[PDB]
Each structure stands twice: as structure tokens, then as C-alpha cells.
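Peer 1: Have a look at the structure that comes next, please.
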Amino acid sequence: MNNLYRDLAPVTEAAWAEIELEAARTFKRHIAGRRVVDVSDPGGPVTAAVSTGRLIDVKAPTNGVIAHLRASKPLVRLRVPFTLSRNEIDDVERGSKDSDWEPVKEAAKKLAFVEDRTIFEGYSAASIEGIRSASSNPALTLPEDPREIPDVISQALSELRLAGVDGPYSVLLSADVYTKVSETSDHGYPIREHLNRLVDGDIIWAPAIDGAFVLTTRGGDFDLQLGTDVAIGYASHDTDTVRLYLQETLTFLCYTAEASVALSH
Amino acid sequence: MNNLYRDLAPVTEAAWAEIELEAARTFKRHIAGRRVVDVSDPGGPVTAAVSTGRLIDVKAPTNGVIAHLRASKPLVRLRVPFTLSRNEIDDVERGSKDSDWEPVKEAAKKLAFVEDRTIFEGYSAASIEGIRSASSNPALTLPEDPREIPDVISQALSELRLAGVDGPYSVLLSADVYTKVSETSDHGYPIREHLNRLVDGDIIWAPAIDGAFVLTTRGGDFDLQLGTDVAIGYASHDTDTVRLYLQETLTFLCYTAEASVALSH
Amino acid sequence: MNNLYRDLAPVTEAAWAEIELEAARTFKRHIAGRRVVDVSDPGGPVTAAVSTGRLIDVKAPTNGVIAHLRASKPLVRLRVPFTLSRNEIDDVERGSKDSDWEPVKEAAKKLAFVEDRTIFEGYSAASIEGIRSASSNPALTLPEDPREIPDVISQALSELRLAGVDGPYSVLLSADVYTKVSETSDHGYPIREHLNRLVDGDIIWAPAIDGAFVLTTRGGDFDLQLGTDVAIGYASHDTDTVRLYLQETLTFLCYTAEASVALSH
């Protein structure tokens, strides 16, 4: 067995298939970051750091010796525990199709939110700079009126053009901004369609982020490094409940500072 | 070896591939001129002039002798030096993917700007007349209001129609004008889309030019002659930096005076 | 080419072969550490850190999220520059066999001394704990009289026996201690032979270390990780001299605290 200790969990095979399906579905729906960044293959469990290729000056060991430390970025392992009713698990073999997988959905939504907020806003404790912090283009303010959203977005499209950047540009919106441009309409279309006319990429719902992000998806600018992708593991169990977790280990690198514009309220 | 002296540069193979990729990418993005003019095959290093096929009267050598000089256009070699950190070059073999290629990008942007400004505004010292100067159609004034841009552009489309010209017409805009028609919107579309409806060619971002240019891309009207295309060459190096250059040799010919309209502010 | 920039050096092929032979020979003679520790295959230039498999508690990103940083050990790149006369280099093609390779020998001796002192005494700036510091067995004092050396060494052999350890034990001596037990004799043998009778391993000359070390060579206790093994690289040159360097990148790990005894004066 492995670190998931999956065979020790009192979960049947059919219940496991339903839990895997629910977690994978809810996660994909709430991920916006993997649609725009380069996603590496999983390195594996032993992978601990990503080389940046830079060098750090250290106090010379002896006379005439020049020493340099190799710089690297550590992976962070992110774990979201959740708790399942054993009655709901037992219902699945009897043929129930409405078993309560709400904790699985909440854990997948929380893991997806962490991953997206780590990619776009950073996680300083894990030495990850967000796309918002690593952007060299000027930051823009989103207006109160949703009918004035496409104007400011177009100004962001000016800045990537002034930065000398090609590629399909894509706009990612926070859930508040996505709702505002979805529910306001002008001439038989919502403002989301007006945003769709400005770019050759995609208007992407990004419920974890704040503000908005416009960026190129030409490739090679944004890199998500995975040691291991999302997995479900077993912690402990009692007569009534099974404690499990969702787990993934990653770091994020931004190679190109001028490939994005961040917007705030 | 050749005049690039490329093997003498202290640049690794992987670093060379990254520099070539960065320079080629940034150059294409900033070229507008090659999308509309006929571009010849590279003549080669020995190519020095392009025959125009005209004749120049010279003082008769002797009695009964009629002499004429063949007219030609000289090529100009354009060189943009740039300077790279050797630490950034050394980072590439160690696996860095964020090496500072800003000087390469600035050199490619500057070379592209020179080439486009030479094609459209001319370079008198190199005996190159620009498209703006060689146009026989009347010049138009671009209005201050971007909502009045498509009107004047349509008047330019009248002039090529009054000049008796067929073919897909294409509109090239300066970066100021492109930004103005991109960021102003009317009825759910930016003014750039309104320009796109007027022509069967393309709205082309041309950040080097001034004003705007409307012209036919039927072929055979505008000819860019290349002796050698863009190449990267090695000048000199020290402990910290490598001096290199971008280099291209060309001339530009406009055969058809009535195939274009220039616009100014 | 690579980071060594070897083809840029004004060094002939025969001179290169002599320099490689001299450096490799002098290095092996002065290495004691690789004879007793496990030496990994070279990871390669991109390798920057070694995973330890441990976890570091970090401030929770959000509520209900448990985060942990993966622990790792950075590699250190160690570079010893040296300077060669170009006349000595030119002598080699003419058939000289006494070309002055003293700087190569001094650079190889200095690199070997650094590597051995890093393995056995540590390099705190590179986060490397030495075998002396990581040993859990008690430290012993070497006596002034060399005839009393084998007694104390035998007490060290008691401690590894009290630590519950098997395997061929090996004794490494500093150059002072090796000279003292080599030059003092008892009953027709030097004291080095008396040390040789106590162990089934080897009396190893270790000129870089202080004191003495007794340890098991059963395997899996001491691990030297190499990104890249010893290589010769080219820095710069003038009319008279060529500046080159010896370079290696490594870290050292001690997995088993009770597998060694350190001795001091």
C-alpha cells in the first residue's frame, strides 16, 4: 500500500467510485488556473523542489574557494480533510443514488479555491509569488457599473499590447464580477458576451480570485509544477463516520512578468 | 565560420535556442509590414543592389558614343547591438526558465520598428521612399473622436476605388489609433470591429508607424527586397556580459503609387 | 557547447589530456571520503536539491487547510580557479613531458580538501552537518604517544559494538596522526600495521580531516549526492596565461548517527 492507506478505509468499491467521480467533477468545475497555465506532469512523491537555475553567494568555505548555493522552490502539500457518514457509504451498494457527498464537494471546492488563490494571489509562506504580485504591467481599477467593465478590460488589452506580447488572451473574472457581467444585459446580450467579443481566448469563471485577470495563453509564461495530483486518502474511522482527505502537492512559477494584467475593486 | 562569428560567443546551445526563440517571437509580433508587402527570398551576402531597369544620361565618353548608367537601389544593413548577462546565459543549462531576455526583446522590437518605419515612412539616406511619400492618393486627417474614425477610413476606401484598384484592402493603424479604436465601444463592439466590417482584409496593429494606412494586398505593388533576413551575431564579450547584435539587410520598393492612402493626425 | 566553454580555451588536445590526467590523479590520491561513503550517480546540471522526505509546519493558508513545506537539502557548487602558463601548454605538442602542472595539482588538492572537510567536518553555510557533528557516539581524545594510539582506537571499536553495528570498520587518520603512526615502530612494524590488525577494513590516509574517524562501511549510512562530478572549465585568457577552474556540485547526508566515532587532539 501507499500513504493514502486506501484499503484500510471502510469504503466499498462502488462508494469509492462515486466519491472519486464527485470529487473530480467538483474540482474541475471550480478550477480556472489549470485552463490558462502550463501544467507539468506529476514528478512523483519523492519530488521536493524545483530548480530555478539561479545561484546564491555564500561565505567562502576557505581561501580561494568560491561557493554558491543552488536556488530552488519548495513544493507545498495541501490537505483538506473531510468527514463522511458511514450510512451514506453503505447506501451505495444497496442501490442508492442520492448519497450525501456534500463533504466531498466542499472539500473539492476548498482545495480548488486554495490552488487557484495560490496561483493568482500567492502564498508567501510557501515562497510563491502570485500572478498579481509578479505582474509588471500596471494594475487597473474595475468600475462599479458593469456596463463600464468592457472599457477597462480593453485598457488591459492595451497594456499587453504595449508590453509586446502575442497569443490568445484570456479573461478570468471573480464570481462577483462574473455575476455582474452575466446578469446585466445590453441590446439582447449580457456584458459577458461583450467581453467575449474583445478576446480570441475565453471568458473564464474564476470564483476563488479577487478582481479580474487578463493574460496570454501562448505558453511558457506560467508554470504549475505538480509533485502529485489530487488524491483521496484515508485518515481514521469510527462506528458512524470515515475521516478522509483530499491532497495535492505543488508549486507555482511565473517566468514572464509582463504577460498579465491584474484588476481590483 | 561566417560574419556572425557565432561559435566564438560564450553562449551554450540551450541558451542559443532560447535567444533565437525570443528574438523571432518578439520580431514577428511587432512586424506589420511583411504581412502586406511582397517579401523576396534572401539574395545572399553578396547582393548589394536591386536593378530598377531605368537609365541615367551621362556625359558622352567620345563623339558618336551614347552612354547611360544603369539605375539601382542600394541595400542598407541595419544592426541593433544588445548586451546579455552571462549569469542569465549560464542559468539556462541549469534549468532556469525565467532568464532575462529583455535586451533580446528590446533589440527585436527596435529592429522591427526600424524596418516598419523604413517601409512606411522611408529612409532618405538609404534612398528609400516611404509608402506615405510615394502615395499619389490624397492624404487624410484622422479625427480626434474615435467614433469618427470609421468614417474617414471609408473615405480612404473611396480613394482606392477612385484610383481603379482591386484586391483585399487592409488597414494598418498606429499604436495610439489602435488603442483608441480598441478601447472605445459602440453597441457592444469596439470601433476596431467597425473597421473590420469595412474591409475584406485585416485590421493590423502597426506600433512603429504614425497615423494610419489603407492599402491593397493584391500583390505586385509593394516589394521588400532582402539580401539577408534577421540574424544574430557575436561582437565581443567580458567576464560579465556578451555583446551581440541583430542584423538584417534590405531595401524597399513601391511600384504602384496609387495603391495606398496615408492618414495623419 | 556547455558551461565549461572548453573549446574557447587556447589549450591543445594533448595539453588537455595531460591536464585531465594530472587533475584526476591528484584528486583520487587526496580523496578519502569517497572510499567509505555511498556515492550517487551524477544527477545532472538541473539538479538543485535532495529531498529528505520530512515536512515543515507552515502558517495555515486559510481556515481548515493544513499546509506543510517539503524539506530538502541544497547542493553547493564548489569552484577552485587556477592559472596555467601558456608556454607550458605550448610545450606539450612539441613533446615536452615535464610541463608545469603544479597549479592543476594545487587546485585538485584544494578541491579534494574542501570535499573531504565538508563530508567530515561539515559546511554550515551549505546546511551540511559533518560526520563528527552528526555522530551520536562519544568523542575520544587521541593520546600524545603514538604507541598509545591503537588502545584508544580499540575503545572506539568498542563504541560501535555498543551501538549495535555490523560491517567492515574503517579507520581514517589525519596526516599528522598518519605520519605519527607511520614513523613510530614497535617490534619490526610501524603502528599503522598495529591499527591494520584491529579492523577488517582499511587504514586510510585522510590529509584534510582533523583527528581520526572510525566507521562502518556496510553501506546505506553515509551518502554523498553529486549533481555533477569534478569538471575542468575555462574562465578567461591573456597572452601569457589561461585561467581555468575545477568545479563540482554536491551535498552530503548522514542517515545513521551511531555509525561513527570521531577523535580529536
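Ligands are numbered from 1 in the order shown, chains are lettered A, B, ... in the order of the C-alpha cells, and residues start at 1 in each chain.
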Residues within 9 Å of range 8-21 of chain C, please, as JSON, numbers by chain. Count only C-alpha atoms; anything in the same chain fewer than 3 positions from it doesn't count.
Peer 2: {"B": [7, 8, 9, 10], "C": [5, 24, 25, 26, 86, 88, 89, 90, 91, 92, 93, 101, 104, 231, 232, 233, 234, 235, 236, 237, 242, 243, 244]}
Peer 1: Please give the complete set of residues from range 1-207 of chain A that DSSP, run on the backbone, assigns to alpha helix (DSSP H), formatted as an NGL selection string.
Peer 2: :A and (13-30 or 86-93 or 102-121 or 131-134 or 149-162 or 175-183 or 191-198)
Peer 1: Define the interface residues of chain A facing chain B as those within 9 Å, counting only C-alpha atoms, and report them as a ChimeraX atom specification.
Peer 2: /A:51-55,150-155,157-158,161-162,164-166,186-187,189,191,193-195,197-198,220-221,254-256
Peer 1: Considering only C-alpha atoms, return as a list in words whatever protein or nucleic-acid residues lie within 7 Å of residue 73 in chain A, sequence-local ones (same chain, fewer than 2 positions apart) excluded.
Peer 2: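 The neighbour list is residues 49, 50, 51 and 75 of chain A.
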Peer 1: Those residues you just picked out, can you put them in a file as a compact mmCIF listing (two decimals), in the first residue's frame with N, CA, C and O atoms?
Peer 2:
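Below is the file that was written, out03.txt:
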```txt
# COMPACT_ATOMS: atom_id res chain seq x y z
N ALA A 49 11.48 19.83 -4.65
CA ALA A 49 11.80 21.19 -5.02
C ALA A 49 11.99 21.28 -6.52
O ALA A 49 12.26 20.29 -7.20
N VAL A 50 11.82 22.49 -7.03
CA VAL A 50 12.04 22.79 -8.44
C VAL A 50 13.23 23.72 -8.55
O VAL A 50 13.28 24.76 -7.87
N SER A 51 14.20 23.35 -9.37
CA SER A 51 15.36 24.19 -9.60
C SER A 51 14.97 25.42 -10.40
O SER A 51 14.27 25.33 -11.41
N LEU A 75 8.09 22.56 -2.93
CA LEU A 75 6.69 22.19 -3.06
C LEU A 75 5.97 22.34 -1.73
O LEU A 75 6.57 22.25 -0.66
```
Peer 1: According to DSSP computed on the backbone, where in range 6-247 of chain A is there strand (DSSP E or B)? Give the residues as a PyMOL selection string.
Peer 2: chain A and resi 38-39+49-57+66-74+76-85+123+128+140-141+169-173+185-186+189-190+203-205+212-216+222-237+241-247
Peer 1: To one decimal place, how far is CA of residue 78 in chain C from CA of residue 62 in chain A in Å?
Peer 2: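 Computing it gives 10.6 Å between the two atoms.
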Peer 1: Rank nothing, just name the residue among C:76, C:208, C:226, C:119 nearest to residue 134 in chain C, using only C-alpha atoms.
Peer 2: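 Closest to residue 134 in chain C, using only C-alpha atoms: C:119.
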Peer 1: Hey, what's within 9 Å of residue 131 in chain B if we count only C-alpha atoms and toss same-chain stuff fewer than 6 positions away? As a JSON list (two decimals) with N, CA, C and O atoms, in the first residue's frame, please?
Peer 2:
```json
[["chain", "number", "residue", "atom", "x", "y", "z"],
["B", 119, "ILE", "N", 9.83, 50.97, -44.27],
["B", 119, "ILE", "CA", 8.85, 50.63, -45.30],
["B", 119, "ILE", "C", 7.79, 51.72, -45.44],
["B", 119, "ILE", "O", 7.47, 52.14, -46.56],
["B", 120, "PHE", "N", 7.27, 52.24, -44.33],
["B", 120, "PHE", "CA", 6.12, 53.12, -44.43],
["B", 120, "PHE", "C", 6.46, 54.61, -44.43],
["B", 120, "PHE", "O", 5.71, 55.40, -45.00],
["B", 121, "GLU", "N", 7.58, 55.02, -43.83],
["B", 121, "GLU", "CA", 7.95, 56.42, -43.78],
["B", 121, "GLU", "C", 9.23, 56.73, -44.53],
["B", 121, "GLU", "O", 9.58, 57.91, -44.67],
["B", 122, "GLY", "N", 9.89, 55.72, -45.06],
["B", 122, "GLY", "CA", 11.11, 55.93, -45.77],
["B", 122, "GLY", "C", 12.38, 56.19, -44.99],
["B", 122, "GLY", "O", 12.33, 56.50, -43.82],
["B", 213, "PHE", "N", -2.74, 53.64, -42.42],
["B", 213, "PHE", "CA", -2.50, 53.36, -43.85],
["B", 213, "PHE", "C", -3.58, 52.39, -44.32],
["B", 213, "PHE", "O", -3.82, 51.40, -43.63],
["B", 222, "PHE", "N", 4.03, 46.41, -53.74],
["B", 222, "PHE", "CA", 4.98, 46.80, -52.71],
["B", 222, "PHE", "C", 5.95, 45.64, -52.55],
["B", 222, "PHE", "O", 5.52, 44.50, -52.37],
["B", 253, "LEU", "N", 10.89, 48.86, -52.21],
["B", 253, "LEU", "CA", 10.46, 49.45, -53.46],
["B", 253, "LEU", "C", 8.95, 49.54, -53.48],
["B", 253, "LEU", "O", 8.26, 48.59, -53.09],
["B", 254, "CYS", "N", 8.42, 50.68, -53.91],
["B", 254, "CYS", "CA", 6.99, 50.82, -54.17],
["B", 254, "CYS", "C", 6.81, 51.01, -55.67],
["B", 254, "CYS", "O", 7.20, 52.04, -56.23],
["B", 257, "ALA", "N", 1.99, 53.69, -57.26],
["B", 257, "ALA", "CA", 1.82, 54.88, -56.44],
["B", 257, "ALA", "C", 0.41, 55.03, -55.91],
["B", 257, "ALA", "O", 0.20, 55.65, -54.86],
["B", 260, "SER", "N", -2.33, 53.03, -52.22],
["B", 260, "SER", "CA", -2.35, 53.26, -50.78],
["B", 260, "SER", "C", -2.85, 54.66, -50.46],
["B", 260, "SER", "O", -2.71, 55.59, -51.26],
["B", 261, "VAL", "N", -3.42, 54.80, -49.26],
["B", 261, "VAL", "CA", -3.79, 56.09, -48.67],
["B", 261, "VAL", "C", -3.15, 56.19, -47.29],
["B", 261, "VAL", "O", -3.29, 55.27, -46.47],
["B", 262, "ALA", "N", -2.46, 57.30, -47.05],
["B", 262, "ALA", "CA", -1.86, 57.61, -45.76],
["B", 262, "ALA", "C", -2.74, 58.58, -44.98],
["B", 262, "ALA", "O", -3.36, 59.47, -45.56]]
```
Peer 1: Grab the CA of residue 249 in chain A to CA of residue 118 in chain A distance for me, in Å with one decimal place.
Peer 2: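 Going from CA of residue 249 in chain A over to CA of residue 118 in chain A, I get 12.0 Å.
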Peer 1: Can you tell me which residues surround residue 227 in chain C at a distance of at most 10 Å, considering only C-alpha atoms, apart from same-chain residues fewer than 5 positions away, and format the answer as a list in words?
Peer 2: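 Surrounding residues, per the criterion: residues 40, 41, 42, 43, 44, 45, 46, 47, 48, 49, 50, 75, 76, 77, 248, 249, 250 and 251 of chain C.
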Peer 1: Keeping C-alpha atoms, export the residues of the selection given above as a short mmCIF file (atom, residue, chain, number, x, y, z; two decimals), in the first residue's frame.
Peer 2:
```cif
data_model
loop_
_atom_site.label_atom_id
_atom_site.label_comp_id
_atom_site.auth_asym_id
_atom_site.auth_seq_id
_atom_site.Cartn_x
_atom_site.Cartn_y
_atom_site.Cartn_z
CA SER C 40 25.42 8.57 -6.00
CA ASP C 41 25.33 8.86 -9.75
CA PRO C 42 25.54 12.46 -11.02
CA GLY C 43 22.07 13.97 -11.07
CA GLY C 44 22.93 16.43 -13.79
CA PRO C 45 23.18 20.21 -14.09
CA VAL C 46 19.48 20.84 -13.39
CA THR C 47 19.58 19.02 -10.04
CA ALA C 48 19.40 21.56 -7.24
CA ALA C 49 18.21 19.85 -4.07
CA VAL C 50 17.81 16.46 -2.44
CA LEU C 75 23.52 21.40 -3.43
CA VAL C 76 26.60 23.60 -3.24
CA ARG C 77 28.80 24.27 -6.25
CA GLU C 248 31.94 20.09 -8.60
CA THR C 249 28.47 20.35 -7.09
CA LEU C 250 27.37 18.18 -4.18
CA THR C 251 25.71 17.76 -0.83
#
```
